[PDB]
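Peer 1: One structure is given below, represented as structure tokens, and several questions about it will come after.
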Amino acid sequence: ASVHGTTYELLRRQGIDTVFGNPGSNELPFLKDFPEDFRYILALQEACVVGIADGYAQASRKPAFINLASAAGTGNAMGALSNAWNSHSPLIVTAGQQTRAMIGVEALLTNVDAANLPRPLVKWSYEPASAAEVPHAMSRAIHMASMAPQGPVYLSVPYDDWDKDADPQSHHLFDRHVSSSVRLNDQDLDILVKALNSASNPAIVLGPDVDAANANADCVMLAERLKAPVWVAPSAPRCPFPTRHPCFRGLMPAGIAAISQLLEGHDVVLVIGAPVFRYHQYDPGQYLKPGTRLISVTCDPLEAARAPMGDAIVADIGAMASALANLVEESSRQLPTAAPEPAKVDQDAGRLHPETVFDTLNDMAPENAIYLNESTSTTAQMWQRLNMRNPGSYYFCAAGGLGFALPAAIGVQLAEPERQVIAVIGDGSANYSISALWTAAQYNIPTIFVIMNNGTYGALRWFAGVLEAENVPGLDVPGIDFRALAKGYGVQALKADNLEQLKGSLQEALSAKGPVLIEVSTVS
Amino acid sequence: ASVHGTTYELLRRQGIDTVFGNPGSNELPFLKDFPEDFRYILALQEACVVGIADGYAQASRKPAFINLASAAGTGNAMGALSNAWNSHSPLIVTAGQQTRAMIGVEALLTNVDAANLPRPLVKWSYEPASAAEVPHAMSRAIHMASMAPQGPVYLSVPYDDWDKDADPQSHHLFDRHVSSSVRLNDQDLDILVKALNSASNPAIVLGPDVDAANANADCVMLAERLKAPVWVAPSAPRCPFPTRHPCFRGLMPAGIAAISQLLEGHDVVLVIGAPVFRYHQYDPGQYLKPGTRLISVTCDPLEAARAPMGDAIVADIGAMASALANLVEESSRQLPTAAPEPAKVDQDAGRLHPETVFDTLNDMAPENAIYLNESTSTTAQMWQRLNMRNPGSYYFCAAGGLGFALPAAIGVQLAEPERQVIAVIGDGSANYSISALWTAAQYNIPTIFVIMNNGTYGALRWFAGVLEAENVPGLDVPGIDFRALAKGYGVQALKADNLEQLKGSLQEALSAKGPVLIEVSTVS
Amino acid sequence: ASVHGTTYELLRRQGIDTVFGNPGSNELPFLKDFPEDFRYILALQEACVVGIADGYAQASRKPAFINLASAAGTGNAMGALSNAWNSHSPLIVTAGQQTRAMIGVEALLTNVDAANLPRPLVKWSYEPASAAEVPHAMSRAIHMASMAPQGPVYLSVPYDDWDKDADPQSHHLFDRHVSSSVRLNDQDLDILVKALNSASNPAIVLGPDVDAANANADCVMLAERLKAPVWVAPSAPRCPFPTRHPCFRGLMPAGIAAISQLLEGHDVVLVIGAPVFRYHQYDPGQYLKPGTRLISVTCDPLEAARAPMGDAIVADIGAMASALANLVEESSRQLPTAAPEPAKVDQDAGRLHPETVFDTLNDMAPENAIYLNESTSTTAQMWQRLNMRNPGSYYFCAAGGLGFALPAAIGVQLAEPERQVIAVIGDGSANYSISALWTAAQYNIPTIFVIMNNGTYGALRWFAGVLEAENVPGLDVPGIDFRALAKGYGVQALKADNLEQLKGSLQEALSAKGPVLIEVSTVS
Ligand SMILES: Cc1ncc(Cn2c(C)c(CCOP(=O)(O)OP(=O)(O)O)sc2=O)c(N)n1
Ligand SMILES: Cc1ncc(Cn2c(C)c(CCOP(=O)(O)OP(=O)(O)O)sc2=O)c(N)n1
Ligand SMILES: Cc1ncc(Cn2c(C)c(CCOP(=O)(O)OP(=O)(O)O)sc2=O)c(N)n1
Ligand SMILES: [Ca+2]
Ligand SMILES: [Ca+2]
Ligand SMILES: [Ca+2]
Ligand SMILES: [Ca+2]
Ligand SMILES: [Ca+2]
Ligand SMILES: [Ca+2]
Ligand SMILES: [Ca+2]
Ligand SMILES: [Ca+2]
Ligand SMILES: [Ca+2]
Ligand SMILES: [Mg+2]
């Protein structure tokens, strides 16, 4: 067998059947003879390729396979890899290299010092030293991406390797099963459970790895048993809990002082599947107030090591959440009271308040909708106004890198064809990965894109305000016609300049057969 | 509090009380006001510093703390770090940096791009961006070294940081407990146990992480219950099993074909705490023969990913070995028969056969002796001839890097003052870290060093022979007087030119109050 | 032809005929069939291998070729590479890698991510992607080491590559000539010359790249023409000027304020072949005083970029010094007056003052002696007391990394068999690379080693004093018998406990046929 044939067999045997890519010449020997049982999803720029794959992996809860065009293609994707690193997304990023005989002279398309290129944003990065090693290296890549803590990996392959003979002993790779589905030993788990049972006023904080593990329901049971309020850890990349459950308390503000104040009076705070914590703004003060003990369960040693406070346990989130939910006592304390209904912001017949948009989406979208957020000045309101009952219902750029949501929404929609995906994206953010729209059109992936157009980088204007920073350039983005961009890439386009038009456009979009972009005129 | 005071409090609270070091000017502000409850162990060269610390950490089963002199000191230690990486040794390697105001100009002793220096041989490498971050960075270093898979880490600290004010909120670091003591979830563990119970002819292979976890006794119970022969994985850095237990089958040869042949007919092979596998020689063939399934339990994702065959489970070795030992059924198969007595090699009244040396050591050493091996051509015979009943009884350079055993034997002896350490080191190997002898003399650490002097790099002569490689230079090391070297560093020195002298010298050494070096004239 | 044959032909054609090494198994296929016209110089530890090669390269003014044992051997050499980077030493560091078929599984002796290991201390680091690339990669290594700014490079070669067929087109590599012997364009050079001619009180500062270029005599002419005092740049790795020439002003103290004060009143300061500047101690103040302009000529862009003041020209030091010396006008100013005779320190019949040692060496050593310094507390006095008339007469660890001088003195002596090498090394420093002594004995390289034994790390005690740092551990190194160490490695050993014995021992050493070590009892 060839390296090509063996590698595709390995991929298939390991459950991979889709290649997200933008091709180049070093990849043609890999992509030729493309298997009939595989899917290739083309995108027009590599940030888009990787964003789509990332959404697909996050929603599918399985690795996604990517093929990029040597160094330039890899490089174009590195912002997308920054997000994937923070979301623990299991991405197998492959790129073609020059033929081995031309690497030394640094022929055009040689990826120099290739393994160092995507560092430090990958868990493992490698170029094999021979053709026959390629299937083994691919096996390593699959497993490295997939073991907890999951994350992106990089493999560079000289294009002449594919046609070479494989090692027959590579057949041992095909059916390897590698598990990291582990939990704390019984003795220490019993100690933890006793501490939770004995807490007088516990609180729970959940991060994205809960949703990635589909541990959401177990966390609901845990919160009900402990009668504990539940927050989502700051800068949330995913939604780990039903947002109208009575225990839910919403998104934590991303500040040191704000979080210790929120946790004041809680004697034990159990954090599951989050860094401790993904703060953002400068908000100095106490990490925790006196009387609060924090215990973190994380899938990532790097998270456990860097937490500035608390105990930590490094284990699989699904295994731990299930064990804890089934072991803790039912507290006789009263169940927390549900958060009040959000206020309705006054809305005239002109430009839309973002709150109006979210309320309308919540009114009109199906109960199993999936939202993506890259409307950076409106996140807090979005989190308050969308009832997200189910797992896998929310994604936000995990490293804060714009250009995620537009392509990721396409990948999520590909992963979840029965769940309507609605990406709410600011006018500024929409441009970073605008060409991803084409993939939705070409493959008829029926994502809805809601562009919040206020003509400015609003979140930056806000942050400049708190700085009292004057004379900052580059904050306004006037003069972008998103309906024309959608037309450019073959996506049906609608406008919403007021509330009646927003409702009309959403109705039309929700009943459409393909992707739809709605340009919403929002308040500045 | 100062950064200095806070950092030493963190170290003490995290169980660190000893600094292994060779000082330099960038470290003086760290080392000044050295706490009265800490120990400083000086060694004269940094390979020695790190080797001593490594032995101490491996034997103590806890992190060891190191302080080195900027880039040159770090650099001198990098061979030692190669071994530490392969042994999963929890080493906290710190080095001083120039004062922040002088880093830009690259003053003498500036460690340029410091974090990259020890890569790729460390789990984490870092220089803090401010003085107040230093205690937090130290906390990260401690935990990164200590979480499974354990390994060396590197922290570079500008020397002016120590006297600066610490963040009062660093007190939250002091008592953090971070656990990776995890095992496979119950459902999947039950599947594994059923596969082990149903095996008709199981075999077990154990690696160094068993001994590091002190899982040895649990592995004995597991082997007895399964009635399974037990091998030590190739290139063994430690001894994970009693070498005269009836199930023991010795050290696996480090070859692909040799290992699959040894495993032929075993339907399930359970590997615990080893890479799969640390082959060495070129020995092409089948990874496994038809009819053998391999299942690996490893603490290291990188091991699990790169195994060319088998299933894998990534978990703590102690937690897994204990669980498996207590869950498997007692097989009614007959217990394996003990290996036969090794042959006595004919020995005249002249130079010693290595087999004679090992037999004599086994006859005369206490039953709780600890051996170290850096006598590279004699390893197979050593493994056959020493009865090592207890855990922590054997160490060998885990990356094959010479210069480990001489200093490591000092660290092991410091860790285990009641267990006589005997380092068996070739004449070639002895030179790499010869100055470590001084530390044994200075601190009166009573290691015994047995130098196997055959005047040559024997293992290289052997490997050249199998290559039929002629005209290789540099293989002979005549003209080294090890008794004079020992005198040079203040260590009592004896000779053994024949068997009667070997016995006499060993008797004298075993009753000595300090370290002793015996130069043994061995056959060429 | 094989890769082996082609590579050795390339080396020979490029002027390389000596391999400095410590062998390992991955190197045996390279070292076999070793050419009869090549020399192999064995050393017993890799810091020693590289130090010897470094001295040889620095003194010979040509590249030196090194072969080390995979990752551990490379790692053991990294402190030595730190010095080589700072001295711009042209070192071609090669290491063997595992056979390509065993790299993926990370067999013992696999150098993982090999090219990253010696970073950031090398100019170029590489592992070829195929056997036929190896000669080309070797060519790259040779030229990268040799082009200005010269420095160490690293090449890792899988051991199976050597026996493979070479590309016949590799013959084009053999006779490539690559020049960086460049100087500033005429127009801009004329501007510089006019600025020098018009200076009213010029000063010159010279660094190690002057001596490396053998630009010393040109710099003498330049200083005579400009009637300018000449200093050696701080932390000097080499001696770039005759130390009893009337213009000579000695070693600059390595402090910001001290240097600007020394330069006060000099309107133009021309620095040649030095960083600006290799400061060490914290000595804050002005980089230059008002009225001083600095112009630097450096071979290294990294030096030019980081200078905090002055103009810079990046060019070959030999070409620039020759051009400037021949273009500047003869000033009618008076030639600077020679520095006064150093004082004779009172010396009783007991332990030696270091000043006495240097005065005696200066009295008894030949006029073409070569000195090495690793007696860290005595450098200033050494520089005042040795008349070094010729180029290539002084070496000191360029990165401050101890363990350089003992092996480097052997390499220098090998390079300059007609010039007596005398290494003056502290008792502390002597231990780092002590085993290098064996190479001097084995190859009968007649270096003289003068060990300054004061029982302590004196320079650290001094630096602690200025810090008022109390309770620093690890500063004393009692109990080392250097005569026994010399005996250990087969080197003739003498003692000097007083002045009469020092004279007697030096007389005996200077007339000896082999290497000699003299242990001198110096004041504490
Ligand atoms: C790749 C990239 N570039 C720039 C930014 C900086 N950035 C920018 C440019 C923001 C403004 C986004 O504007 P928007 O129109 O999408 O939404 P708002 O008007 O609601 O802020 S928010 C923010 O962090 C970024 N995070 N990521
Ligand atoms: C740091 C380093 N350098 C070189 C080697 C190469 N090496 C060398 C030099 C060996 C010979 C050791 O000789 P010895 O006298 O200690 O023992 P034997 O004579 O029993 O082989 S075995 C081997 O792998 C190495 N492994 N590590
Ligand atoms: C490899 C390494 N380790 C440690 C040091 C720190 N160091 C040490 C240990 C010095 C003392 C050397 O003592 P010596 O006996 O050789 O000479 P003096 O007594 O004259 O200082 S000077 C100094 O910078 C270093 N520069 N390089
Ligand atoms: Ca509503
Ligand atoms: Ca799906
Ligand atoms: Ca906007
Ligand atoms: Ca016996
Ligand atoms: Ca102990
Ligand atoms: Ca030997
Ligand atoms: Ca004199
Ligand atoms: Ca010469
Ligand atoms: Ca000294
Ligand atoms: Mg490095």
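The way I read the labels, and the way they are meant: chains A, B, ... in the order of the structure tokens, residue 1 as the first residue of every chain, and ligand 1 as the first ligand shown, with later ones counted on from there.
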Could you give me the residues within 10 Å of ligand 1, counting only C-alpha atoms and all ligand atoms, as a ChimeraX atom specification?

Peer 2: /A:79-80,82-83,354,373-379,397,399-404,424-433,451-463,474-477,522-524

Peer 1: What's around range 149-158 of chain C at 9 Å? Count only C-alpha atoms, leave out sequence neighbours fewer than 4 positions away in its own chain, and write the answer as a PyMOL selection string.

Peer 2: (chain A and resi 129) or (chain C and resi 26-27+63+70+81+84-100+103+111+114-115+118+121-128+130-131+134+137-138+141-142+144-145+162+180+298-301+315-316)

Peer 1: Which residues of chain B have any atom within 6 Å of an atom in chain C when counting only C-alpha atoms, and what is the closest pair of atoms for each, with the distance in Å to one decimal? Order the rows by chain and rising number and write it as CSV.

Peer 2:
```
residue,atom,partner,partner_atom,distance
B:31,CA,C:472,CA,5.4
B:32,CA,C:472,CA,4.5
B:33,CA,C:471,CA,5.0
B:34,CA,C:471,CA,5.9
B:42,CA,C:474,CA,5.6
B:45,CA,C:432,CA,5.0
B:72,CA,C:79,CA,4.2
B:75,CA,C:79,CA,4.0
B:76,CA,C:79,CA,4.4
B:78,CA,C:75,CA,4.2
B:79,CA,C:75,CA,4.0
B:82,CA,C:72,CA,5.9
B:105,CA,C:306,CA,5.8
B:107,CA,C:279,CA,4.8
B:108,CA,C:280,CA,5.0
B:117,CA,C:120,CA,5.9
B:119,CA,C:117,CA,6.0
B:120,CA,C:117,CA,5.9
B:278,CA,C:107,CA,5.0
B:279,CA,C:107,CA,4.8
B:280,CA,C:108,CA,5.0
B:306,CA,C:105,CA,5.8
B:401,CA,C:72,CA,4.9
B:432,CA,C:45,CA,5.0
B:469,CA,C:32,CA,5.5
B:470,CA,C:32,CA,5.6
B:471,CA,C:33,CA,5.0
B:472,CA,C:32,CA,4.5
B:474,CA,C:42,CA,5.6
B:480,CA,C:489,CA,5.2
B:481,CA,C:488,CA,4.4
B:484,CA,C:488,CA,4.7
B:485,CA,C:488,CA,4.9
B:488,CA,C:481,CA,4.4
B:489,CA,C:480,CA,5.2
```

Peer 1: Under the rule that only C-alpha atoms are counted, which of C:287, C:449, C:174, C:248 is the nearest residue to residue 224 in chain C?

Peer 2: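 For residue 224 in chain C, the nearest of the given residues is C:248.
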
Peer 1: Mind checking DSSP for range 373-448 of chain C and telling me the helix (DSSP H, G or I) residues as an mmCIF file with C-alpha atoms, in the first residue's frame?

Peer 2:
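This went into selection-v6.cif:
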```
data_model
loop_
_atom_site.group_PDB
_atom_site.id
_atom_site.type_symbol
_atom_site.label_atom_id
_atom_site.label_comp_id
_atom_site.auth_asym_id
_atom_site.auth_seq_id
_atom_site.Cartn_x
_atom_site.Cartn_y
_atom_site.Cartn_z
ATOM 1 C CA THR C 379 41.139 39.699 35.926
ATOM 2 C CA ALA C 380 41.881 43.351 36.403
ATOM 3 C CA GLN C 381 45.331 42.623 37.792
ATOM 4 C CA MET C 382 46.051 40.093 35.086
ATOM 5 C CA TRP C 383 45.328 42.695 32.419
ATOM 6 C CA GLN C 384 47.695 45.175 34.065
ATOM 7 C CA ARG C 385 50.575 42.782 34.646
ATOM 8 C CA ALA C 405 39.668 28.006 29.725
ATOM 9 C CA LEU C 406 40.919 24.575 30.729
ATOM 10 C CA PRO C 407 39.758 22.837 27.522
ATOM 11 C CA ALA C 408 40.215 25.911 25.370
ATOM 12 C CA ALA C 409 43.846 26.151 26.428
ATOM 13 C CA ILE C 410 44.361 22.677 24.998
ATOM 14 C CA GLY C 411 42.765 23.671 21.709
ATOM 15 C CA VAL C 412 44.769 26.884 21.523
ATOM 16 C CA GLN C 413 47.947 24.923 22.196
ATOM 17 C CA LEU C 414 47.023 22.453 19.435
ATOM 18 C CA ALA C 415 46.484 25.403 17.079
ATOM 19 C CA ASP C 427 40.212 26.489 41.944
ATOM 20 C CA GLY C 428 36.503 26.816 41.494
ATOM 21 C CA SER C 429 36.612 27.166 37.720
ATOM 22 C CA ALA C 430 38.990 24.263 37.300
ATOM 23 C CA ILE C 434 38.429 19.066 34.732
ATOM 24 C CA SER C 435 38.375 15.962 32.524
ATOM 25 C CA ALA C 436 39.769 17.982 29.624
ATOM 26 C CA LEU C 437 43.188 17.428 31.222
ATOM 27 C CA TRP C 438 43.103 13.891 29.848
ATOM 28 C CA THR C 439 43.099 15.110 26.251
ATOM 29 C CA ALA C 440 46.270 17.113 26.880
ATOM 30 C CA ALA C 441 47.923 14.007 28.344
ATOM 31 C CA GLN C 442 46.714 11.606 25.646
ATOM 32 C CA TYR C 443 47.744 13.772 22.691
#
```
